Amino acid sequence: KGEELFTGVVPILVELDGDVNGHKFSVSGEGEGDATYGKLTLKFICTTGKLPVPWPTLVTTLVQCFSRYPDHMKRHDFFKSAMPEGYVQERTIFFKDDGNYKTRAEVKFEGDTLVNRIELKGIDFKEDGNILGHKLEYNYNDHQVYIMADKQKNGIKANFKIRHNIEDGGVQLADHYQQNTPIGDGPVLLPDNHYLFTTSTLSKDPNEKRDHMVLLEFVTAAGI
């Protein structure tokens, strides 16, 4: 089983290559995950300069295999069952009255490390909007993810809203549409519909001078 590969603390590598309205950038993340408790600690660095989009808008893009799946639904864990070969994770994210991100990522083990490798393309963004204009608060409003099976492609799908607080009043809406399919061929668990509940805390490394985001996350799956 792929679930075995998560019994301990697992190092996490994240790598994003991004293009939004022609502003190209890269993001690297390193940290570790504990699926037994459902805990992620990661530090992200924009390794090419200033991040041209706000850090919270990338949170969902930047490893649901680390969700704590209890004992009674260790069998609906599609994300772990796909390991080590892993899965493709694709999204479109509509920023209301603004552009959209399209993301394709591969989530897999490379040696002992869980690696989330992402390409991100963003189009139709307003240059003085909340994204390209950096008008969103540095914080997070988590949202639950209702995970439904997708027997057709043999993976799962979800759609959910993320709310970003706008520095001067609004809420910026980020409409997420997600589908996941296994990379490998072997048997994979197809879950009964269930929820993923996530708690995210954003913070800053006082000794770090590059543009960056420290992220602490707790996540659990739930029935009904």
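Start at 1 with the first residue shown and count on from there.
- Counting the unmodelled positions of the deposited sequence between residue 162 and residue 163 gives zero.
- When the mean C-alpha temperature factors of 79-87 and 146-154 are read from the deposited coordinates, 146-154 comes out higher.
- Taking the PDB entry as given, 68-76 carries the higher mean Cα B factor of the two stretches 68-76 and 104-112.
- Taking the PDB entry at face value, the top CA B factor among 31, 54, 49, 182 belongs to 182.
- Among the modelled residues of its chain, residue 193 has a C-alpha B-factor that falls in the highest third according to the deposited record.
- The PDB entry assigns residue 98 a C-alpha temperature factor belonging to the middle third of its chain's modelled residues.
- Per the PDB record, residue ranking by Cα B-factor puts residue 133 in the middle third of the chain.
- Per the deposited record, the Cα B-factor of residue 21 falls in the middle third when ranked against the other modelled residues of its chain.
- Compared with the other modelled residues of the chain, the Cα B-factor recorded for residue 200 ranks in the middle third.
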